[PDB]
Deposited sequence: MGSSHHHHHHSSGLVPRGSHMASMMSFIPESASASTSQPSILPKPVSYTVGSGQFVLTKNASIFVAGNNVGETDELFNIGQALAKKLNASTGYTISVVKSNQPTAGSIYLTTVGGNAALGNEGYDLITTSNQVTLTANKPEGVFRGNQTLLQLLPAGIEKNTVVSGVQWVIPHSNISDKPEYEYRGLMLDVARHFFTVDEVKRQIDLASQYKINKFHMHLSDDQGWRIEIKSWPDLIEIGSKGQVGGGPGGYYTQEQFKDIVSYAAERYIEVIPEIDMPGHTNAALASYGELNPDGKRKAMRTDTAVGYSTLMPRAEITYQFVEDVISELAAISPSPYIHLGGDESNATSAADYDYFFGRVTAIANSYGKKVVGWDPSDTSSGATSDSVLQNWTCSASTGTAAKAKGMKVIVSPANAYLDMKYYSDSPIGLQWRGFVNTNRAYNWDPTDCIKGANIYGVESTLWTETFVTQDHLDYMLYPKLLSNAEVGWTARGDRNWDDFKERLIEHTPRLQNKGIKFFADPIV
């Protein structure tokens, strides 16, 4: 047999017809169609009144999206007796083999029925439902001249990996609550279910800590390149968490330590050996900063930060970073990371950390390794200790330029086009591990505007999202590429300022 790899498309990027991404476990189409009309209602029914109430909220979220593009005023009804023309969302009789996020979605001429095990699965299935309707449905303003049809179809679906995440770096350049919510919303439509906020680094500190107010008064006042920076109040952070929770997205906050800490060191002189505040940094160097690993004030500082963050962050996880502590000795790093893990655990939080944090003698089997290095030796400790692993290989470093000539992005992991972001498997990064899942990391050294974020995340994130959701056996670039071409108008309709990748 004859095989080939993909080159660029001749004559430039290519960038009744559903466009499901990520690819579902099964999808068949039959004769006939459902028509969504102005008289449609969404019916919801759970196994008890509390569950029905939860489904009702999910239903209203779906109605909101449908109403924006159709111009209808679809409303939601608590009833298990849907009427012809209805969408019906239910958890009664879900197929347990599909798990928490799985669902069946069967569209007949008279009715759309989404059957899941849990409300979470209904929400994930609704993302598929939106992709079954015609291009135009994802507009934020009313679209005329499009019949709102869904082909008779049968879908069953569940994720391959439990953790399918996006990290946004808000330290290097700041992004507003509105901007963050928008990225969470867009990502949720592709079944991303985790959002990791990199809230602190050398160039900025972005979360209000009431006990150490100069982290904001001093530490938040800049960013890479000398812009004004910004921060989230604790109320704003709670609002982001709430918005994510409505999309069944867990928010994992990161306070990077003991490295990547210049903003803290610039805020409080007492965190430095000489007692003086560091000058703020607006460059892009990494690796040079460190907390004092053998001073108790360091651990008081960390405890205060963790106490306040834990109080406002419902995720069972806090990310304590641990990357590039090049001004910290191996012995001091081992000791430091063990100490801060104990602090986090005492406040009821399990610790996530970048490699080599798994090597700390103070880690537990409940700690999680975020494996970004993806070398043969990375995560040897994690594996031995039974720690879950989240992979972030080169193919998930979405801040990498698509090509040599990309106008934004870095390139220390090489270029990452839409094909490279697709053509990998989590087992490529690490062998013999309990792989919890994948996280796409959007570092922001070179991204200043919302348009920059859109350009680098789309279509790259779509590739990563499919790697997280769709089983390896059913992933195929030639297939995905053609599906992505078909999906393009939907990106445009959403107002995403995507890159029209010439490999698509």
{"item": "Sequence ranges absent from the coordinates, based on the deposited chain and numbered from 1", "value": "1-6, 22-36"}
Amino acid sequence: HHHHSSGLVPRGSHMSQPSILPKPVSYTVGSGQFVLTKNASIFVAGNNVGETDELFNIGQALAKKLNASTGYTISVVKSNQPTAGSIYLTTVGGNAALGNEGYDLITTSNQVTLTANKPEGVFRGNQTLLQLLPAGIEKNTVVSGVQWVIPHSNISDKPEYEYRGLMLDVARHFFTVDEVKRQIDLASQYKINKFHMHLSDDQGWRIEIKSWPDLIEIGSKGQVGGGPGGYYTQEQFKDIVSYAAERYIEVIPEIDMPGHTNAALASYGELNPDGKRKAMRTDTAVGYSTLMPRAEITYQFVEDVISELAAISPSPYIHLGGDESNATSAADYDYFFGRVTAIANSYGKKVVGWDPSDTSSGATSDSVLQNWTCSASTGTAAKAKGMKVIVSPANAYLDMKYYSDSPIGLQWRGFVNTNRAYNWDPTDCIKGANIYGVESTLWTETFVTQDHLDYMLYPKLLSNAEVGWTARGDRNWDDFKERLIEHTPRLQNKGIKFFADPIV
From here on, numbers count along this sequence of modelled residues.
item: Segment of higher mean CA temperature factor, 264-272 or 245-253; value: 264-272
item: Residue range whose averaged C-alpha B-factor is higher in the record, 137-145 or 385-393; value: 137-145
item: Out of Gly259, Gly409, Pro151, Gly102, residue topping the C-alpha B-factor column of the entry; value: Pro151
item: Candidate residues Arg277, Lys350, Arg124, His173, the one whose C-alpha B factor the record puts highest; value: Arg277
item: Third of chain Cα B-factors occupied by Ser375; value: highest
item: Record-listed C-alpha B factor of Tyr455: chain third; value: lowest
item: For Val438, the third of its chain into which the C-alpha B factor falls; value: lowest
item: Lowest, middle or highest third - CA B-factor, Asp428; value: highest
item: Position of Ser75 among the chain's modelled residues by C-alpha B-factor, lowest, middle or highest third; value: highest
